[PDB]
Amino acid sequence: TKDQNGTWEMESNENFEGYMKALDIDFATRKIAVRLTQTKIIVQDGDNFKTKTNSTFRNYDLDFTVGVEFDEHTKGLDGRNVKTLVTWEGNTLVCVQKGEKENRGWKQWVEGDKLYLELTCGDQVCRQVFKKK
């Protein structure tokens, strides 16, 4: 369990193109997406999270309560319907997205004033680091 509240500015993004490719996102959207800075805003009131991942092209907003399974519609990404559950494994927030894609989900944790995010889909891992502003 840990405080992840804040505005976080991207400082690193490794193999985002491989992750988008495992999601079958098209060539044109990917080439534009891989070059953009992302900012993440997170408001955390206990077990309720409101998140926004912004970039000039397109944004992605995801709200959820820890430990309550829900239906996520990945609109603006691959636009699939997945069954999502986010839980705490120590101070990593762990998300599994059950559906057609194998091994799909993410892990998010803080160290110092950096937010680390690991995104998985199939055999592809994408590593991102953001710094709190």
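Residue numbers run from 1 along the displayed sequence.
When the two stretches 70 to 78 and 30 to 38 are set side by side, the higher mean Cα temperature factor goes to 70 to 78. Averaged over their C-alpha atoms, the temperature factors of 57 to 65 and 100 to 108 are higher for 57 to 65. Sort the chain's modelled residues by C-alpha temperature factor and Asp123 lands in the highest third, per the entry.
Sort the chain's modelled residues by C-alpha temperature factor and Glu9 lands in the lowest third, per the entry.
The deposited CA B-factor of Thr84 belongs to the lowest third of values across its chain.
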